[PDB]
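All remarks here apply to the structure that follows.
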Amino acid sequence: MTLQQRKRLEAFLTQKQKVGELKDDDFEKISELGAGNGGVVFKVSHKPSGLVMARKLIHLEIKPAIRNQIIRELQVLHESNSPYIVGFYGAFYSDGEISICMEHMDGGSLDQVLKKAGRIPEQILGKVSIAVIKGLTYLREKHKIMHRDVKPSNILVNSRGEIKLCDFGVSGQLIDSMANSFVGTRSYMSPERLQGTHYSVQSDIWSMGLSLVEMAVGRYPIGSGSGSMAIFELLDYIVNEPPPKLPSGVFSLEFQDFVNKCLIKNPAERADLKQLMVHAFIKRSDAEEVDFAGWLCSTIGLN
Ligand SMILES: Nc1ncnc2c1ncn2[C@@H]1O[C@H](COP(=O)(O)OP(=O)(O)NP(=O)(O)O)[C@@H](O)[C@H]1O
């Protein structure tokens, strides 16, 4: 960490300790923040402390006997102490749905930023790459299994110039399984399928590479039609055809090679985290003095 980084993490932890127990009645809804794959996310105000939080709701029935362990598990699963993972305030349950309260990122997600930005400049994506790598490094240490992908909608930013990942250690699907595990977990997936589900960090690197190309050109780089047929044809194209690449003559050689090494089809030849962190693009980006906060505030009109 660095001085300002640890300090901000310390400050957040102080705020977390001051909040205490989280109950639904203590929240006032301000605005909807975004629409998720598993439930909507709202900007809320925690009245007793006056803290602005992001409140994610997950529709699920949790029985009273099951409830206490589920919550206690959720508290643990969200315990992050990284400057690159979105802060976590607490989780609770009321009336057939679960609330996950986290640090409000007033810059929104990068898919939202991308929409207003059109496309995101290479030097900005340099800072994004560094944060994602360090975020993935921290997550892989804490969890053996990831449950969420690297994608623009999962990269949150703010006016302090911070770039963070959502906690990949938890998903709405996992929580469902946890609730089911008290009745009796039944998996009918073959060993080879389960091995595929427990993907290595090489899959995260692929996702980062594809996301970087998407954000650099302002569009998901592999086009597809609508309907079931077009969906299958897209996935088959990803599996069996050459990966997408940046439009030639636009971006630096370093950034070009960086995303190409992330998108190599063979995961054994695909670059790993160590190789990426010392890549020419990363070393150049780390040296660059980039005003991310300034660009962000000008782009989405933060101030
Ligand atoms: N802590 C936060 N601060 C600000 N905005 C947030 C926060 N969390 C989520 N959002 C916004 O709400 C949207 C919904 O997030 P989420 O429910 O995680 O959807 P998702 O990530 O697309 N689903 P998944 O496919 O499981 O990752 C995000 O894309 C963000 O724009």
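Residue names in the structure tokens use chain letters A, B, ... in the order shown, residue numbers from 1 in each chain, and ligand numbers from 1 in the order shown.
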Excluding residue 126 of chain A and its own-chain neighbours fewer than 6 positions away, which residues fall within 10 Å of it when counting only C-alpha atoms? Please give them as a PyMOL selection string.
chain A and resi 212+255+281-286+288+290
For those residues, write N, CA, C and O atoms to a file as an mmCIF file, in the first residue's frame.
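Okay, part21.cif is ready:
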```
data_model
loop_
_atom_site.group_PDB
_atom_site.id
_atom_site.type_symbol
_atom_site.label_atom_id
_atom_site.label_comp_id
_atom_site.auth_asym_id
_atom_site.auth_seq_id
_atom_site.Cartn_x
_atom_site.Cartn_y
_atom_site.Cartn_z
ATOM 1 N N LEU A 212 -10.761 -4.139 -22.001
ATOM 2 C CA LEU A 212 -9.882 -3.038 -22.382
ATOM 3 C C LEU A 212 -10.079 -2.659 -23.845
ATOM 4 O O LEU A 212 -10.115 -1.479 -24.187
ATOM 5 N N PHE A 255 0.348 -0.799 -25.748
ATOM 6 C CA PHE A 255 -1.041 -1.113 -25.437
ATOM 7 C C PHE A 255 -1.574 -2.197 -26.370
ATOM 8 O O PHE A 255 -2.337 -3.066 -25.949
ATOM 9 N N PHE A 281 3.639 -1.708 -21.232
ATOM 10 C CA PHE A 281 2.469 -0.845 -21.102
ATOM 11 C C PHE A 281 2.200 -0.480 -19.647
ATOM 12 O O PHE A 281 1.833 0.656 -19.342
ATOM 13 N N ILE A 282 2.384 -1.444 -18.751
ATOM 14 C CA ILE A 282 2.153 -1.215 -17.328
ATOM 15 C C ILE A 282 3.261 -0.358 -16.720
ATOM 16 O O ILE A 282 2.986 0.561 -15.950
ATOM 17 N N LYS A 283 4.508 -0.655 -17.075
ATOM 18 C CA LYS A 283 5.642 0.111 -16.569
ATOM 19 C C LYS A 283 5.584 1.560 -17.043
ATOM 20 O O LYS A 283 5.954 2.476 -16.309
ATOM 21 N N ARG A 284 5.110 1.764 -18.268
ATOM 22 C CA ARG A 284 4.945 3.111 -18.800
ATOM 23 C C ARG A 284 3.799 3.828 -18.097
ATOM 24 O O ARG A 284 3.907 5.006 -17.760
ATOM 25 N N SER A 285 2.704 3.107 -17.876
ATOM 26 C CA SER A 285 1.519 3.674 -17.237
ATOM 27 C C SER A 285 1.791 4.067 -15.788
ATOM 28 O O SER A 285 1.302 5.092 -15.313
ATOM 29 N N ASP A 286 2.571 3.244 -15.094
ATOM 30 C CA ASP A 286 2.898 3.495 -13.693
ATOM 31 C C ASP A 286 3.741 4.758 -13.541
ATOM 32 O O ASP A 286 3.642 5.467 -12.540
ATOM 33 N N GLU A 288 3.631 7.302 -15.768
ATOM 34 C CA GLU A 288 2.803 8.416 -16.217
ATOM 35 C C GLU A 288 2.044 9.071 -15.068
ATOM 36 O O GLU A 288 1.423 8.390 -14.252
ATOM 37 N N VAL A 290 -1.027 10.642 -14.430
ATOM 38 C CA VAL A 290 -2.339 10.796 -15.041
ATOM 39 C C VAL A 290 -3.367 11.348 -14.060
ATOM 40 O O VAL A 290 -3.542 10.822 -12.961
#
```
Tell me, as an MDAnalysis selection string, which residues lie within 10 Å of segment 49-54 of chain A, counting only C-alpha atoms; anything in the same chain fewer than 3 positions away does not count.
chainID A and resid 15:16 18:20 26:34 41:46 57 87:89 99:106
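Of the listed residues (A:215, A:205, A:174, A:65), A:174 comes nearest to ligand 1; the distances count only C-alpha atoms and all ligand atoms.
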Which residues come within 8 Å of segment 232-244 of chain A, counting only C-alpha atoms, excluding same-chain residues fewer than 6 positions away, as a compact mmCIF listing (two decimals) with N, CA, C and O atoms, in the first residue's frame?
```txt
# COMPACT_ATOMS: atom_id res chain seq x y z
N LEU A 210 -10.41 -8.25 -23.03
CA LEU A 210 -11.59 -7.99 -23.85
C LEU A 210 -12.26 -6.69 -23.42
O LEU A 210 -12.76 -5.93 -24.25
N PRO A 221 -16.18 -5.62 -28.79
CA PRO A 221 -15.38 -5.84 -30.01
C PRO A 221 -15.82 -7.00 -30.90
O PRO A 221 -15.30 -7.12 -32.01
N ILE A 222 -16.74 -7.85 -30.44
CA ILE A 222 -17.20 -8.95 -31.28
C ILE A 222 -18.70 -8.87 -31.51
O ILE A 222 -19.49 -9.18 -30.62
N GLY A 223 -19.09 -8.46 -32.71
CA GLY A 223 -20.49 -8.26 -33.04
C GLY A 223 -21.28 -9.55 -33.17
O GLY A 223 -20.74 -10.60 -33.52
N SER A 224 -22.58 -9.46 -32.88
CA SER A 224 -23.46 -10.62 -32.99
C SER A 224 -24.90 -10.17 -33.23
O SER A 224 -25.26 -9.05 -32.88
N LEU A 263 -5.42 -11.71 -24.74
CA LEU A 263 -6.47 -12.33 -25.54
C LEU A 263 -6.01 -13.55 -26.33
O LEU A 263 -6.74 -14.06 -27.17
N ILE A 264 -4.78 -14.00 -26.07
CA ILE A 264 -4.27 -15.22 -26.69
C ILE A 264 -5.21 -16.38 -26.35
O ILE A 264 -5.60 -16.56 -25.20
N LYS A 265 -5.57 -17.16 -27.37
CA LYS A 265 -6.60 -18.19 -27.21
C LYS A 265 -6.14 -19.30 -26.27
O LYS A 265 -6.89 -19.72 -25.38
```
DSSP says helix (DSSP H, G or I) for which residues of segment 100-257 of chain A? Put them as a ChimeraX atom specification?
/A:110-117,122-142,152-154,172-180,191-197,201-217,228-240,253-257
List the neighbours of segment 148-150 of chain A out to 7 Å using only C-alpha atoms; skip same-chain residues closer than 3 positions along the sequence, and give me the result as a PyMOL selection string.
chain A and resi 154+168+171+204+207-208
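Ranking A:125, A:271, A:276, A:229 by their shortest atom-to-atom distance to residue 211 of chain A, with only C-alpha atoms included, puts A:125 first.
Across the structure, atom CA of residue 73 of chain A and atom CA of residue 158 of chain A are spaced 28.3 Å apart.
Here atom CA of residue 298 of chain A and atom CA of residue 6 of chain A stand 27.3 Å from one another.
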So which residues of segment 105-171 of chain A fall under strand (DSSP E) by DSSP, listed as JSON, numbers by chain?
{"A": [108, 109, 155, 156, 157, 163, 164, 165]}
Which residues come within 9 Å of residue 61 of chain A, counting only C-alpha atoms, excluding same-chain residues fewer than 4 positions away, as number ranges by chain?
A: 95-98, 179
Serialized selection, N, CA and C atoms, as an mmCIF file, in the first residue's frame:
```cif
data_model
loop_
_atom_site.group_PDB
_atom_site.id
_atom_site.type_symbol
_atom_site.label_atom_id
_atom_site.label_comp_id
_atom_site.auth_asym_id
_atom_site.auth_seq_id
_atom_site.Cartn_x
_atom_site.Cartn_y
_atom_site.Cartn_z
ATOM 1 N N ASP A 95 -37.964 -9.212 4.785
ATOM 2 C CA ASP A 95 -39.095 -9.373 3.875
ATOM 3 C C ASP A 95 -38.723 -9.997 2.531
ATOM 4 N N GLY A 96 -38.085 -11.163 2.579
ATOM 5 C CA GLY A 96 -37.828 -11.941 1.382
ATOM 6 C C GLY A 96 -36.806 -11.374 0.414
ATOM 7 N N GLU A 97 -35.919 -10.512 0.902
ATOM 8 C CA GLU A 97 -34.818 -10.019 0.077
ATOM 9 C C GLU A 97 -33.622 -9.558 0.909
ATOM 10 N N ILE A 98 -32.430 -9.781 0.363
ATOM 11 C CA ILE A 98 -31.174 -9.495 1.050
ATOM 12 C C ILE A 98 -30.592 -8.157 0.614
ATOM 13 N N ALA A 179 -27.892 -20.920 0.783
ATOM 14 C CA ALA A 179 -29.207 -21.168 1.362
ATOM 15 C C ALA A 179 -29.647 -22.603 1.098
#
```
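Residues surrounding residue 295 of chain A within 10 Å are residues 117, 120, 121, 124, 159, 161, 301 and 302 of chain A [only C-alpha atoms; sequence separation below 6 positions excluded].
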Same residues, N, CA, C and O atoms, output as a PDB file, in the first residue's frame:
```
ATOM      1  N   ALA A 117     -18.457   8.868 -22.349  1.00  0.00           N
ATOM      2  CA  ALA A 117     -17.129   9.173 -22.867  1.00  0.00           C
ATOM      3  C   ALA A 117     -17.015   8.895 -24.360  1.00  0.00           C
ATOM      4  O   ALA A 117     -16.202   9.508 -25.052  1.00  0.00           O
ATOM      5  N   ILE A 120     -12.603   5.468 -24.110  1.00  0.00           N
ATOM      6  CA  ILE A 120     -11.718   5.874 -23.024  1.00  0.00           C
ATOM      7  C   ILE A 120     -10.260   5.877 -23.478  1.00  0.00           C
ATOM      8  O   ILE A 120      -9.770   4.877 -24.005  1.00  0.00           O
ATOM      9  N   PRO A 121      -9.566   7.009 -23.286  1.00  0.00           N
ATOM     10  CA  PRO A 121      -8.169   7.165 -23.710  1.00  0.00           C
ATOM     11  C   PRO A 121      -7.234   6.119 -23.108  1.00  0.00           C
ATOM     12  O   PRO A 121      -7.453   5.637 -21.996  1.00  0.00           O
ATOM     13  N   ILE A 124      -5.680   6.562 -19.600  1.00  0.00           N
ATOM     14  CA  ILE A 124      -6.649   6.322 -18.538  1.00  0.00           C
ATOM     15  C   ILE A 124      -6.818   4.822 -18.328  1.00  0.00           C
ATOM     16  O   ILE A 124      -6.876   4.342 -17.194  1.00  0.00           O
ATOM     17  N   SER A 159     -14.711  10.170  -7.633  1.00  0.00           N
ATOM     18  CA  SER A 159     -14.129  11.498  -7.822  1.00  0.00           C
ATOM     19  C   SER A 159     -12.766  11.655  -7.147  1.00  0.00           C
ATOM     20  O   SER A 159     -12.072  12.646  -7.373  1.00  0.00           O
ATOM     21  N   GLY A 161     -10.474   9.623  -7.782  1.00  0.00           N
ATOM     22  CA  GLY A 161      -9.582   9.020  -8.756  1.00  0.00           C
ATOM     23  C   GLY A 161      -9.328   7.548  -8.492  1.00  0.00           C
ATOM     24  O   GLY A 161      -8.447   6.944  -9.101  1.00  0.00           O
ATOM     25  N   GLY A 301     -19.118  14.871 -16.033  1.00  0.00           N
ATOM     26  CA  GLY A 301     -19.628  16.070 -15.395  1.00  0.00           C
ATOM     27  C   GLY A 301     -19.832  15.911 -13.900  1.00  0.00           C
ATOM     28  O   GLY A 301     -20.894  16.244 -13.374  1.00  0.00           O
ATOM     29  N   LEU A 302     -18.814  15.403 -13.215  1.00  0.00           N
ATOM     30  CA  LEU A 302     -18.888  15.199 -11.772  1.00  0.00           C
ATOM     31  C   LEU A 302     -18.863  16.519 -11.009  1.00  0.00           C
ATOM     32  O   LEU A 302     -19.490  16.648  -9.957  1.00  0.00           O
TER      33      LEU A 302
END
```
Spatial neighbours of segment 198-203 of chain A, 7 Å, only C-alpha atoms, chain gap at least 2 places, as an mmCIF file with N, CA, C and O atoms, in the first residue's frame:
```cif
data_model
loop_
_atom_site.group_PDB
_atom_site.id
_atom_site.type_symbol
_atom_site.label_atom_id
_atom_site.label_comp_id
_atom_site.auth_asym_id
_atom_site.auth_seq_id
_atom_site.Cartn_x
_atom_site.Cartn_y
_atom_site.Cartn_z
ATOM 1 N N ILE A 145 -11.998 -19.518 -5.489
ATOM 2 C CA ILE A 145 -12.978 -19.499 -6.570
ATOM 3 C C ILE A 145 -13.565 -18.105 -6.782
ATOM 4 O O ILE A 145 -13.990 -17.447 -5.830
ATOM 5 N N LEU A 194 -17.135 -28.949 -13.649
ATOM 6 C CA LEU A 194 -16.815 -28.251 -12.412
ATOM 7 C C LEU A 194 -15.414 -27.654 -12.461
ATOM 8 O O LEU A 194 -15.176 -26.564 -11.934
ATOM 9 N N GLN A 195 -14.489 -28.369 -13.094
ATOM 10 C CA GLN A 195 -13.132 -27.868 -13.280
ATOM 11 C C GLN A 195 -13.152 -26.619 -14.157
ATOM 12 O O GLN A 195 -12.379 -25.685 -13.942
ATOM 13 N N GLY A 196 -14.047 -26.607 -15.140
ATOM 14 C CA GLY A 196 -14.213 -25.460 -16.010
ATOM 15 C C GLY A 196 -14.805 -24.265 -15.283
ATOM 16 O O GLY A 196 -14.488 -23.118 -15.596
ATOM 17 N N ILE A 205 -7.775 -12.661 -16.861
ATOM 18 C CA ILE A 205 -6.901 -11.896 -17.738
ATOM 19 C C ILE A 205 -7.519 -11.748 -19.124
ATOM 20 O O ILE A 205 -7.459 -10.673 -19.728
ATOM 21 N N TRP A 206 -8.127 -12.824 -19.617
ATOM 22 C CA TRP A 206 -8.872 -12.768 -20.871
ATOM 23 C C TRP A 206 -9.956 -11.702 -20.793
ATOM 24 O O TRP A 206 -10.087 -10.869 -21.690
ATOM 25 N N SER A 207 -10.730 -11.745 -19.712
ATOM 26 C CA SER A 207 -11.835 -10.818 -19.508
ATOM 27 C C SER A 207 -11.348 -9.376 -19.430
ATOM 28 O O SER A 207 -12.000 -8.466 -19.939
ATOM 29 N N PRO A 267 -4.638 -20.592 -23.170
ATOM 30 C CA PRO A 267 -4.414 -20.024 -21.834
ATOM 31 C C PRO A 267 -3.005 -20.284 -21.301
ATOM 32 O O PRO A 267 -2.535 -19.541 -20.442
ATOM 33 N N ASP A 272 0.369 -14.279 -17.879
ATOM 34 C CA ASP A 272 -0.111 -14.357 -16.505
ATOM 35 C C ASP A 272 0.070 -13.009 -15.812
ATOM 36 O O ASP A 272 0.602 -12.071 -16.406
#
```
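Remark: for ligand 1, the closest of the candidate residues A:83, A:108, A:48, A:218 is A:108 (distances computed over only C-alpha atoms and all ligand atoms).
Between atom CA of residue 197 of chain A and atom CA of residue 79 of chain A the interatomic distance comes to 23.2 Å.
Shortest separation to ligand 1 among A:128, A:170, A:91, A:231 occurs at residue A:170, atoms counted being only C-alpha atoms and all ligand atoms.
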Which residue gives the smallest distance to ligand 1 among A:277, A:58, A:66, A:246, with only C-alpha atoms and all ligand atoms counted?
A:58
